[PDB]
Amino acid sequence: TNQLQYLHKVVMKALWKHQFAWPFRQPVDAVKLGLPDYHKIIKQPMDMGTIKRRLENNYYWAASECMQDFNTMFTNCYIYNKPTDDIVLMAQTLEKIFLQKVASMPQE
């Protein structure tokens, strides 16, 4: 759809290249990060690499599902980390761009 095309070529294009994008371009590696509780707390991991792959393979049936994947990625970050962590602020900056671009998505 026009909306999924927009999410791929506008929203993800802007978010993927952002200076703050790098921790979100692939799954949280709880083993490399020394986080034995990450998967005990975060039951649905999500990342931009997964979302990008889903958009490339036409995995989504509705723009709202892709939006939920973005939202889950950000919420995972806010829920697992501590309020003062830099990563929370990076998520907030990316999420603001996400919402700003979503405000201009084509209707269906």
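We number the residues from 1 along the sequence you see. What we label the rigid core is the largest C-alpha set whose atoms superpose within 1.5 Å from one form to the other.
The segment moving more, judged by mean Cα distance from this form in 5 other deposited structures of this protein after a core overlay, is 31-39 among 31-39 and 71-79. For the pair 75-83 and 61-69, the mean Cα B-factor is higher in 61-69. Per the PDB record, of the two stretches 39-47 and 52-60, 52-60 carries the greater mean B-factor over its C-alpha atoms. Among the modelled residues of the chain, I97 sits in the middle third by CA temperature factor in this PDB entry. Sorting the modelled residues of the chain by their CA temperature factor places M90 in the lowest third.
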